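Would you mind keeping the following structure in view while I ask a few things?
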C-alpha cells in the first residue's frame, strides 16, 4: 500500500501504459514526481499513436521518368549504339 | 481497421492471459489475490478496453502477466485508432467476360463490332458470343447513345469504344476509361481505291505529323 | 531471372514491321499475311508464348504479420510468469522445516 | 457503494469519458452491461479522434 | 577553364530531438521533487 | 461437485488431444487457389501436404515446399517443422497422462497441478503455432475445419487447465482442514 | 528459335515461299552512316540486296521507309526506361 522499490516500479509501469493505479502518491514530493511522469507519458503515447497514423496514412496514398533522367547525372543512361532508339533521341525536337 | 486474424488471435490471447493470471494468482497454497477465473476475465477485459482496474495483481508473476497484457493492449488499440484514421483520411479489364451483372456492348456498326465478331482470342470470342445474343441489344446506333447508356445505367452498362473517344473522360459531368487497350491500330485518311489524291494526302499527313500539327490538334 | 524493371510510360508509340527491298515482289503477300496472323490472334499467342508463358518472375486492413511481434512478446511473458510462479512455489515447498 | 440509479448514471458517464472507475459491477449481469458499454465507448471515442 | 577547372564544390520515425523537451521537464521535476523532500 | 469434475476433466483432456492430433494429421487448413502436384485450381492445403481438388487430376497431391535475412529463415524453419503444433500435441498427451496417474499414487495432490500446468502450456504453444502458421502463409483464401479443430483444442485445453488448478486448490483446501 | 523464328515460318507458309534465316553480319538493326551515307545492319542487307526480307524487331521509321518497304506492324511498342530495382519486421511496432 506504500511506495517501496517494487511498488514504485509497478506504479511507474502502470502509469506509462495508461492502465490506472491501485495506489497513487500522497505526499507533495511523490505527487510532483507522479505528475511529471504522467505528463511525460501523455506526450510520448500521443506521439506514438500520431506517428503510427502518419506512417499508415502516407503509406496508403530512384527514377520514375525520362524527365527524371534528364534532370540528373548520378545515374548514367544510354541506348543501343545502333538502333531506332538512338535515332529517336538524335532527332527528337522534344526538349526533355 | 484490423484483419479477421488479428481479432481472432486477440480473443485467444484474452482467454490465455485470463487463465494464466488465474493460475499464477491462486495455485500455491502459500498465497491462500482475489483473482478467481471470473475476476481474472474481468480484469483482462477491462484492461483491454483501457477501462478502470479496481484490482491490480500484487505478486511478481501476476504483475508480469498484467504488464505484458497492458503493453499488448496499448499497441493493439493504438494501431486500431491509427489505421482507422488512415482509412478516414484517404471492372478493370476479361473482367467483363467472366461476369453478367454489368452489361456491355459496342457501336451497332463499327470497326469495334467487327473486331469482336472476328476475334479468335478466347476472351473476345466469349464477349462476342455474349454481346451478339444479349437481350435487350447491347449495341447502340451512335457513340453518344452508348455514352448516355453508360451514364444512365448506374454502373450496370460498360461501353466498348476506341480509346480516343473514351475525350469523354474529360467531359462533364462521371465516366472513366479502365484497363489497357484491347488492340492497337490507327485512323487514316481514306480515298477511293486508285484515287488521284492518294499520294499528296499521304505525304501531307506525314508532313502534318512531322511538324507537330497532329499533336497540337489532339491537345 | 534474376528479376532485378520497366519504369514510367512509353516515350513514343510505333511498330515493328516485316521489311523488304523497295519494290520487292514479296511486299503485298507478306503485308496481307501479317494482317491475317494479326486477325487470327497468332501474334498475341506468340508474344504470350515467348514473354509470359515461360516468365521466371511471373488490402487496407492491418494484417497479423504487422503485429505478430507483440503476440510473441505476450506469450513469452506468460511463460516467464508461469516459470517465476513455479520457482517460488518450489522454493517455499522446500523451505518448510523438516 | 452499490449501483443505485444515481451511482449507475455516474458509472456510465465515467466509462464514456474513459475516466476510469471508483466502483465496477460485481455480478454477471452488471458485468455484461459494463462490458458492452466499454466496447461501445472504445469504438465511439476512437472514431471521434 | 572558368567553370569546372576551378570548381570549389569538387514519413521517418520520430527522433529524440523532437521529444527532448519532455525529457528535460521530467528530469527537472525529479530534481525539484528531491529538493522539496529534503527541505521537508 | 467433486467426482463429476474428474470425469469432465478427463473427457476434456481426451477431446483436446484428439482434436489437436486430427488437426495436425489432416490437411484441410487452408482453401487456397494454387498448383497441385508438379493450371491454377483450388486446393485443401494443410500443415504438410498442399492437396488438390476440382482439377484435371484432383486427389493427387504432394508435400508442400516450405523453402524457396535470418528472421525469414528462422520463421520458415519454425513453420516447416510444425514444432509448436507438435509440442501442443505432446503437452496435451502428458497432461492426460498426469490426470490418469492422479487415481494411482493418490494423496500426492501435486501431480494434478502438473496436469493443469501442462494443459495451460499446451494452449500457449497452440496459439504460437497458429500465429506462425498465419504469418508464414503471408509469404483469396479461407480456413478449413482443421484450423478450427486446432483452435477448439486450444479452448478446451484452457478450460481443462482451469478445472485442474481448481481441483488442486480444493484438494489443498481439504487437506488444510 | 524465338518469336520471329515462329513468325518467319508462318509468313513463309502464308506467302508460299521457302526461306533461309541468316543473322545480320554486323549485328545491327540499320542506320545510315552520317558521313559515308552507307546503310548498315538489316536495313543495309535489304538496300544492297544481300537479303530478300527482314523478319525481326525492326522498327518502322520514316528514314527507313524512304529506302525499304515495311508491312503493317506485327507488334506495337514504344521506347521505355529499364532500371535496376515487402515483409514487415516482427518487431515493427517499434518503428
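Should a chain be cited, it is by its letter among A, B, C, D, E, F and G, assigned in written order, with residues numbered from 1 in that chain.
As a convention for this text, contacts are C-beta pairs under 8 Å (C-beta built on N, C-alpha and C of every residue); 3 or more make two chains touch, one makes a residue touch a chain.
Asker: Go through F-G and A-E and name the pair with more C-beta contacts between its chains.
Answerer: Answer to which pair has more contacts is A-E.
Asker: Go ahead and note the Å separation of the Cα centroids belonging to chain D and chain F.
Answerer: Roughly 37 Å separates the two chain centres.
Asker: Provide the C-alpha centroid distance between chain C and chain E, rounded to the nearest whole angstrom.
Answerer: Averaging C-alpha atoms per chain gives centres 43 Å apart.
Asker: Using CA atom averages as chain centres, what separation in Å is found between chain C and chain G?
Answerer: 29
Asker: On chain F, where are the residues touching two or more other chains?
Answerer: In chain F, residues 117, 120, 124, 127, 131, 134, 138 touch at least two other chains, as defined above.
Asker: Please list all residues of chain C that touch 2 or more other chains.
Answerer: Each of 7-9, 11-12, 14-15, 60, 62-68, 70-72, 75, 78, 82 in chain C touches at least two other chains.
Asker: Provide the full list of chain pairs in touch.
Answerer: A-B, A-C, A-E, A-G, B-C, B-D, B-F, B-G, C-F, C-G, F-G
Asker: Using the touch definition up top, name the residues of chain G that touch chain A in the complex.
Answerer: Its residues touching chain A are 28-31, 40-41, 59, 61, 63-64, 79, 81, 83, 95.
Asker: So in the complex, which bits of chain A are touching chain G?
Answerer: Chain A reaches chain G through residues 55, 63, 65-66, 69, 77, 80, 82-88.
Asker: What part of chain B is in contact with chain A in the complex they form?
Answerer: 47, 50, 52-53, 55-56, 60, 63, 66-67, 70-71, 73-74, 78-79, 81-83, 85-86, 89-90, 212
Asker: Which bits of chain F are touching chain G when the two form their complex?
Answerer: 71-72, 75, 138-139
Asker: For a test of understanding, state which residues of chain E touch chain A in their complex under the given definition.
Answerer: That would be residues 11, 13-14, 19, 22-23, 25-26, 28-30, 32-34, 36-37, 40 of chain E.
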